[PDB]
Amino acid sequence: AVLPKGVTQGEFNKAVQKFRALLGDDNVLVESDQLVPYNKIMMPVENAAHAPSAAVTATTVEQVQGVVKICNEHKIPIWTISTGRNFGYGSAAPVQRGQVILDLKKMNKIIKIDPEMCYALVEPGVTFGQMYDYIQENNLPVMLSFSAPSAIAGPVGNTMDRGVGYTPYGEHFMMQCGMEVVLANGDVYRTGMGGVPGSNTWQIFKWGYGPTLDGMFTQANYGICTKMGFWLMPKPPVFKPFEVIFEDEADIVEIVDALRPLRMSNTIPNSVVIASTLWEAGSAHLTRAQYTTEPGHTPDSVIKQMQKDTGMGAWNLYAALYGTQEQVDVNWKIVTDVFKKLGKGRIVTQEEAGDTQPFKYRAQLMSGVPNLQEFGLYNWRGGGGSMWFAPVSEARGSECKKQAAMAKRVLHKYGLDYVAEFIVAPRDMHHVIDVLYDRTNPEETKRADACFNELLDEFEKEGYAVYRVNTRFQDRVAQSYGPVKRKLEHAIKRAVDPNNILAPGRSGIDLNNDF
């Protein structure tokens, strides 16, 4: 029923015939009951708008090269997924209706984990849980960094979308080193030192020689990543997690400005999370229904009530110290004095919180131990509707306060909540807002879609843009970055994918556009 845009039932049939001959019959999925699990989205639109025409599962590089040769012949557009757990970002479904999904979950081979040089080379289908098991079984002194869906997600998929973790190796793309990409013409390209025959430095030195192209493939449709290498943090002798609970919503300005010199100097070396009360609540598995059934947003009065009953603050910061006992002790003395000198916020440690949530999962996330605890955010209102609005800001307190207020206002206007957190780097914040709504309610989804549009319009006006967005808003966000950028991106696209077969529409890059 569902066919690729511009492709006729006949050309599609010749393609499926060639897919079968190359991969086998159980590796080509064309029946709608097999396609159904790829269609599940948490976006405010019907499944039909992002429904695939087929799904093929490759296991070797020779097969990916094969699928691409067939796709060029019959002008078939492919959407590549690795572990496909991109919830709130399009999930496993294509940018456009009718694209064929090149599902690489079956390519789950861990090629090498070097315990001395501290690196890993993996295939797309490898999950973080699969890696955690291998590290536990073989007693390797390495630590992982991962996104919250941890166990079910993987390194290749998360880094292609430039995702974030919580250990000192938190900015995942910063720690990436070497990748193999299958180009649209069938050629296998290896970045950095990979092109050199007999090289043992692919996961050692990032750049290589000549232009360094790893970045060009991330958040782009210029190739299919088949192998990816990255650096692993060595397991430190002592890990000391902590939380600092703050009472007022206006405290954000002083928290950020006080935290900055500590992040910059690397005293606190990990990606710090400053979670809002509602985010904190959702992760501790508290629902809205157990506090109010009134329509619209959750009033300030019931949020203040929520704080008294549970002990959460307006802002809850989770950080972590790593190193030797003596290294941790001097850093703890520096962190403690900064907070005492502020005269704000309660400091809670592993001894006085320990087995209680949300402290437990955050401590686990900061030390590379998997858990899916954060999925409680989808239980706050339920319905299975979630989208990530994630603008970028300066790690400056006045900016964080400004962005928080702007977001809160537009969300309340559509009767939605401000459930957010700041992920802190030395100089930047990933201001992550979860626009949660009930997807089974048609009126609330229509509101959520409008809310997301206004969130983008409001922020762009103040000079802010998002770092990553869902499949439905990928073209919209491409506009925030100006015409010259898009023009350059379409020039490179014509050069590496003249037939427009590699995921057209990804990041707003499509040859059917006038650029």
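In this text, residue numbers run from 1 along the sequence as written.
Participant: Which is higher in the entry, the mean Cα B factor of 169-177 or that of 240-248?
Facilitator: On average, C-alpha B-factors are higher across 240-248.
Participant: Given the B-factors recorded for C-alpha atoms, which segment has the greater mean, 393-401 or 133-141?
Facilitator: According to the PDB entry, the answer is 133-141.
Participant: Hey, out of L455, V30, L488, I41, whose CA B-factor is highest in the deposited coordinates?
Facilitator: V30 has the highest C-alpha B-factor of those listed.
Participant: Using the temperature factors in the entry, find which of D449, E62, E462, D475 has the highest value at its Cα atom.
Facilitator: The C-alpha B-factor peaks, among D449, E62, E462, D475, at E62.
Participant: Comparing against every modelled residue in the chain, figure out the third that the C-alpha B-factor of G482 lands in (lowest, middle or highest).
Facilitator: Lowest third - that is where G482 ends up once the chain's C-alpha B-factors are sorted.
Participant: Please say which third, lowest, middle or highest, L23 falls into when its CA temperature factor is compared across its chain.
Facilitator: Highest third.
Participant: Using the B-factor values recorded in the entry, state whether the Cα atom of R506 falls in the lowest, middle or highest third among the modelled residues of its chain.
Facilitator: For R506, whose C-alpha B-factor we compare with every modelled residue in the chain, the answer is the lowest third.
Participant: Splitting the chain's C-alpha B-factors into thirds, which one does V496 fall into?
Facilitator: For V496, the deposited C-alpha B-factor lands in the middle third.
Participant: Could you tell me which third, lowest, middle or highest, the C-alpha B-factor of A407 occupies within its chain?
Facilitator: Middle third by C-alpha B-factor.
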